[PDB]
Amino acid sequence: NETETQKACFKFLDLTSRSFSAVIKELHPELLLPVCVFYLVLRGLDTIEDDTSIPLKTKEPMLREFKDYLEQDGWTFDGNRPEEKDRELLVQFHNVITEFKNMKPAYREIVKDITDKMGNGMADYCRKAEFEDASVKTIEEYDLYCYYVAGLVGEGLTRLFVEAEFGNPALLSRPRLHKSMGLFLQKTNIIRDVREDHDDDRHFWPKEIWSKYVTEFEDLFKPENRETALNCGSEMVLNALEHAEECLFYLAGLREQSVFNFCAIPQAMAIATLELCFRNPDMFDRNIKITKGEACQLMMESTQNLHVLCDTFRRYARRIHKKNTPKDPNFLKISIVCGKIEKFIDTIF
């Protein structure tokens, strides 16, 4: 007995999250529709923020006010460029609104708050870009951009988990944990996608890091600077790896198996992707991905328990530890963080 509003939301879930839709749809029914609503709302936010054919005069209010649109039956939007990939989510958004309002009031307050905080951070970002540079210059800015597009997702999901008693409530008292969750994923994708993003005039690597390796960011992609480029990505990987232990801390707080799988799978994939990118020069030439046999192993190792997941983390931390070379100016610090991850897992298990 699935309503068509529900079928549409799940259809759009397949079309926007692609492979991830499968693990979302295996979520415990207490949070299956809430998490689905949460994702389609944030994806609806992205479809507005990313369409450069929408002028700031129109886009900025939609982003700041989107939390209030969730309360308006039949809200639609057809002002995307006719070729935006996820247009139809916003033109048929009345299904998300229907299912948003069917949600328990505690879930609606969480999703509405995150939509509000996130949409306004996006609107602030979209504004600066139009009237300024908006280039990531400091690690602090880098970390701030990741908190708004990914750390806030972690807050929302954690708030839903704790509300459904699927997560230890102490996860809300230590918000560095869900922040590390989102930053680990977002930083790994920013590292791996650096060429793709640069070929679309998007640059998220902080100048505080890449300026120690090249004079201009574009220099990273020239074949003659492949050595400094590797060293730069190494420090990028080092910065991402500093979140891994707090990620293990967060997963230890999850109390329901389908919620564990939903959070553990992307984390295990992130550390594998990080290991594939570490000292890999292909990262600056194309989009590299982990092999299908590896991804399929990881999916088995991320859908069991915390012990099995920690062994996967220990394995890829050791692989990064071994690829680490003294020629790298980040040599010592990479070994230290890898050792801390390995020795921490050895202490638990």
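One-based numbering along the sequence shown.
Visitor: On mean Cα temperature factor in this entry, is 11-19 or 330-338 the higher one?
Guide: It is 11-19 that shows the higher mean C-alpha B-factor.
Visitor: Tell me which stretch has the larger mean Cα B-factor in this entry, 309-317 or 48-56.
Guide: Between 48-56 and 309-317, it is 48-56 that shows the higher mean C-alpha B-factor.
Visitor: Please work out which residue in 245, 208, 275, 219 has the highest C-alpha B-factor recorded for this crystal structure.
Guide: 219 has the highest C-alpha B-factor of those listed.
Visitor: I'd like to know which of 119, 167, 223, 182 has the highest C-alpha temperature factor in the PDB entry.
Guide: Highest CA B-factor of the listed options: 223.
Visitor: Lowest, middle or highest third: where is residue 287 by Cα B-factor in its chain?
Guide: Tercile = highest for this residue's CA B-factor.
Visitor: Please place residue 62 in the lowest, middle or highest third of its chain according to the CA B-factor in the PDB entry.
Guide: Within its chain, residue 62 is a lowest-third residue by C-alpha B-factor, going by the deposited values.
Visitor: Please place residue 74 in the lowest, middle or highest third of its chain according to the CA B-factor in the PDB entry.
Guide: Middle third.
Visitor: Would you check the entry's CA temperature factor for residue 101 and let me know if it's in the chain's lowest, middle or highest third?
Guide: Its C-alpha B-factor belongs to the highest third of this chain's values.
Visitor: Name the third of the chain's ranked CA B-factors that contains residue 159, choosing lowest, middle or highest.
Guide: It belongs to the lowest third of the chain when residues are ordered by C-alpha B-factor.
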